[PDB]
Structure formats: C-alpha cells, structure tokens
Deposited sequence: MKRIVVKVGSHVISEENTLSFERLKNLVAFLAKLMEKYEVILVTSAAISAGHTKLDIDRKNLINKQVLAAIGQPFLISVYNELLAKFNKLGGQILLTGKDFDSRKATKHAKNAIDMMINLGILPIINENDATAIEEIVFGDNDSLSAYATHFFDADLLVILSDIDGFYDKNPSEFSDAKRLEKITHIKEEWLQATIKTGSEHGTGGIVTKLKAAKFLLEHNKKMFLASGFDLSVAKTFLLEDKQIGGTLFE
C-alpha cells in the first residue's frame, strides 16, 4: 500500500513565518507512516518560505513565482533537517499538470520516485512554479496530488488541510453543518486563492474516476489522520471512495 500525503500552505505556515511546531508534528507523523506504507509527500508553502527571505507582496503572480524559486530549496532543507531526527532523507521532485500528460516525463518521474521509495527516501513533490502557475493561482496542489496518486500507482490520497472534513454546508458559517463521513459521488453542482473545498472535490472526482480513494482531514490536529492511517478507524474527516 502506497499513499500520497498532501499538505497545504496554511498547515505548515503562519502568515509571516513557517510553522515549525506543525512541520515537526507532520514529519514525525510521516516517519511513522513510512514504517507502515510507501509514502509520497506533496508539499506547498514554497512561497511562504521564500517570503521569509524576501519581503515582497504576494498578490502579483510573478512575485509568487519568484518567492517560490527562492523558497522551494529552503523548504526542502527544513524538511531534511527535521527528517534527520528519524534518520531519513527527502528528495525534491518538481512537477506540473502538463508533465502528467507526457508518458516520457511521467515515466522518468516514476522511476526516480519508485527508487527513492525502495531506498527509504521520502519523495517531496511540489509544482514547478517556473514553468507552470496553475496551482499558484488556484488549488494549492490539490489537483497535482491527485494526478500523483494515480500516475505513481498509489492507493490513497490524504489531504491534510485547515478544513477537517466535507460538510453538508459551510461549517465556518453554519454551526449546525453536519460532516459527511463517506462520499461515493461528486455532484457537478458542487464544482483566486488556495482553492477551498471545490479543488478538494475536483481532486476527489478525478480519483473516484480512476478507482482510487481520498481522505480529507485536519493538518492542525493530526489525531483523525493518525487513527485512520495507523489504527484503521475513521473518527473524523471525509473518505471519498
């Protein structure tokens, strides 16, 4: 069983810094996951990381690309210092949605990833923000992680988010919103920023169409994600299957 874990920007960053508390917790979780599964990490937050090195505004798209260029290698260095605690290494992979249309590009990427996994190295994927901007504009890697799950032959995508699950209505607006534990179909009526719930549901529709699964849970408190993946009991979050 191979899983893809996707962590959004908010999960690993505050507005002016990286969240070392949350990164530490995530990395300890990934180290444990790696004993039980083959694990691929899809990370965001290169822009946050770059912003710690260069204080320019994030609204302009081209500014975001520059910040990502500066931030990406530093973000990887942070993951590597934290992984060192568990005697693990992380390898950087940059991909775009268009790479996934290419048999050749996908095959080369899968070769590297498969071998990393074989050596117990953690593959860490992010968008190539030099050549593509889709995930910077809208989605924050939700789609990229879904494509990775299918094309690298993983069984499950786990999205760790500031959203703890999918509800019958917006849970931040409506205190009576009820959590949907299981979704087997994504309604078209359900479908610029991080992407919100819509990019999460679009990723799920892609995965459902390729007979794969998605689990949506909190990256702020890892209890639900931990119990699902390590205790095989669902006590929160939404499973799409």
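Coordinate coverage of the deposited sequence is interrupted at 1, 193-201, where no C-alpha atom was modelled.
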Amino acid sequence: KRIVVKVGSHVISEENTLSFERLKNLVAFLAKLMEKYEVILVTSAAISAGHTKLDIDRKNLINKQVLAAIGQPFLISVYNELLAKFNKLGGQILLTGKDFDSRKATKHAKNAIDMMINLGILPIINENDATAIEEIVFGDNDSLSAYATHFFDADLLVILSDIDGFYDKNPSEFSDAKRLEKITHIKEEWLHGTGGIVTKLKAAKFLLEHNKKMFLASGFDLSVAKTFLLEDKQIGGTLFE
From here on, numbers count along this sequence of modelled residues.
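Set 175-183 against 46-54 and average the Cα temperature factors; 175-183 ends up higher.
Of the two segments examined, 164-172 and 125-133, it is 164-172 that shows the higher average Cα temperature factor in the deposited entry. Per the PDB record, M34 has a higher Cα B-factor than any other of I40, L216, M34, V66.
In the deposited entry, the Cα temperature factor of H150 places it in the lowest third of its chain's modelled residues. The PDB entry assigns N80 a C-alpha temperature factor belonging to the middle third of its chain's modelled residues. Per the PDB record, residue ranking by Cα B-factor puts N87 in the highest third of the chain.
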